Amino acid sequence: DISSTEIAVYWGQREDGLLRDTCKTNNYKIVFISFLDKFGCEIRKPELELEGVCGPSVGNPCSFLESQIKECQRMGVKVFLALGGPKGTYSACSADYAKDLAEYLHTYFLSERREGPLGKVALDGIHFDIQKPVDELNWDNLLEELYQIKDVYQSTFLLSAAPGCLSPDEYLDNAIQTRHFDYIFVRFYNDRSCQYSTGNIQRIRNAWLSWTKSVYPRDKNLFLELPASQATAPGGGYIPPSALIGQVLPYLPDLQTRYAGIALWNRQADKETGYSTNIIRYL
């Protein structure tokens, strides 16, 4: 129901502050470290670079995040690595590369098997934020290879996706149809055909309905991804906290069986506006 709302947030920019401090707010249940945005056929070992935070150029290694990731996990926060995003050059390449990449993610990010870009860690999941890939092929293969690895090692990591609000999604439909993502974070912004607008929840309510009908299984596996300020969604979609709680959520079909919570585009915007703080106050 509404009271059990789980809040997720994207973190990865200088203005977001420290990961440790983000977790310590206790406002979030899931944090997406964002983004591994450069991979493809000839990139056997993808490197992680967070703008103004870590990587070759900020002269601070991303492996320094290891202890903060573990602190977050110890306090009950799930930390995911998000693939893709708004920028970069990313492609799943081919069926063979999909296996190579799935293995890479498992060995270096999901099992503490080897030292990777974020140190020796075992993240809670992998998030497919495939917004602007080179093309739509092989994302389903990547998901399937990670899913197979999960079975082989009887692992507990989660798999999630962030499609746009217009179904079927241009890039992730084939992957979503496998029914193998644990969570689907629908981006209800930057698309006038399926986002909220002042005094009109019909398009967003209808889009939510389209998603409940096309995503199986019928578990609590759907989240609404929303911008935390008007500035983070130039194409529209921002929903004031009071409107979300009082005018939108109560009117989403199958909220009681399908709704898991909300994801907020981005930590910086949330910090500036107090979005999650106000939502929490009203839950």
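Note that residue numbering begins at 1 and tracks the sequence as displayed.
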Of 33-41 vs 249-257, the stretch with the larger average CA B-factor in the entry is 249-257
Quick note on 86-94 and 163-171: per-entry mean CA temperature factor is higher in 86-94
For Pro240, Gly59, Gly236, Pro227, the deposited C-alpha B-factor is largest at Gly59
Entry-reported C-alpha B-factor of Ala231 relative to its chain, by third, is highest
Among the modelled residues of its chain, the C-alpha B-factor of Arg113 falls in the third labelled highest
So, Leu283's CA B-factor, relative to its chain, sits in which third? The highest
The third of the chain into which the C-alpha temperature factor of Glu145 falls is the lowest
Sorting the chain's modelled residues by C-alpha B-factor and splitting them into thirds places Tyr153 in the highest
